[PDB]
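Listed next as structure tokens is one chain, alone, in the form deposited in one PDB entry.
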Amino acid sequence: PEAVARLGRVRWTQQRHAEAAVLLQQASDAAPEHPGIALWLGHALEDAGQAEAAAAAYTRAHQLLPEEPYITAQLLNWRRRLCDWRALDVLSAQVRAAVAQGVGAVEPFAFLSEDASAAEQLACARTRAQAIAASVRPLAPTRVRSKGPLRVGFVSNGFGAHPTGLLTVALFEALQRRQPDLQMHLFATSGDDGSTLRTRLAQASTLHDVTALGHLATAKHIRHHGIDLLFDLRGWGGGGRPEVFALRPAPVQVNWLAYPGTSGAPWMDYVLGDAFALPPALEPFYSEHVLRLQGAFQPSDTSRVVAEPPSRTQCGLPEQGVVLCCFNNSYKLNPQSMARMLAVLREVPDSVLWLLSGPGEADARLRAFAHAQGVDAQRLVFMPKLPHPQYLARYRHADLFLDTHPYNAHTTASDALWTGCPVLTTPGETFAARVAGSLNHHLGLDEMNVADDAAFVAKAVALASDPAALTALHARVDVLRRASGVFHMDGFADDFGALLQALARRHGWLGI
């Protein structure tokens, strides 16, 4: 059992994931009390795409080492992803308690899913950042160059058909064309996926494939290019590499557009946000010194021709009736967010709720939940996984997009609005809970940022039972869509590049 588990750990290392699971299973069966085993069976199954089973292992892992914070955090994040709300209140309290005593175990990105103040979030991101910052030894300090073309770098694991590259690409294209004085460098931590996004990016910047490399080497590689300002678009989220940034390969390091919160990190100099999503009230809760673009913090791909979707029926929708949708990551679909969406459904009879098909049995769960809330399960409709262009097309059948709290739709909110679908949100009290709000505000749709849950249901019921007002809202989105600066990458470029040159001067750049 102790041996098995390690062979199967070997299999794990050499992507023979299928057998890793069958070995680790064989171990777990024979020694069902061994927490370390339960724990490896769990990462095993997960990476063999057996979600439900994977989470079952973390449950037992938790039953065996109840006082263990890291396991508890891992279990909660797994249950959110599967929309399994058994004991969510307790689990959520333990994770927050850990952060408070931290130790250390809560991953900051998972933590974004919790009902937690901007303060707890800072505590959490600082605690993590510290354990990393200590175990590492920074590279020889350097300074922003005095003379010349400013070298600006961005590191990300989604350059290509992913959120990051998918938001930044028209931006990178505008900057090549409008900000010649800036030299744009993309350090891509994932390989060429053959997406036209990946080509475009490579065509608009100098794209370095550092996918082969390790933390130390990556830093050293960035430093080889003598990058003056280095943007972390990663951020505490999956596909590393914070330890890269801890080596401070660049003398100025900016947290932007990727991780919707503070880094808590001593190696991170600036965060870039906006007046709305990061307002003065919230600055004390950022370790970075705050910068702000003139408009919304988020760019997007303003060349996308939204395609034509298949008929409502071929998309599983009925023909008449309002389609309110919430395309978002499953972990964001919390009890509070589902309740308020289902409340709309109850009071507006005709009507339907369109969701992304989640992992494991998430969809069965949300069905059963809808029924518990006294709503026909048939009225939830689930979209499968689809290439961006076909996915993006689906918003054409959407009537109103209903945001989640406390972790807003981010790229999906930008996607809706671009296709012309209004987005309803309740801007909360942390950056991540204010991303929709900031798009709406900057687009001019303040009436779509409402105060609380009751207001959310009220506004949505208003729109859903008055198609006249609803059709007119779309019309309004459309005007605002082409006239606000939110979707003017050209202006966004000019803004960014100027704010970039400014930062550079403060750290002693003499331009030219």
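Each residue number is its position in the shown sequence, starting from 1. Rigid core (definition): largest C-alpha set, two forms, superposition within 1.5 Å.
This next part talks about the form deposited in another entry, which is not shown.
Of the residues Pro138, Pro387, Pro284, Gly238, exactly one exceeds or equals a 2 Å C-alpha shift between the shown form and the other one once the rigid core is aligned, and that residue is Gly238. Superposition of the core reveals a Cα shift of 2 Å or more for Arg16 between the shown form and the other one.
In the other form, the Cα-Cα separation between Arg241 and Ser205 grows by 3 Å or more relative to the displayed conformation. In summary, the C-alpha positions of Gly240 and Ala125 converge in the other form, ending up at least 3 angstroms nearer each other than in this conformation.
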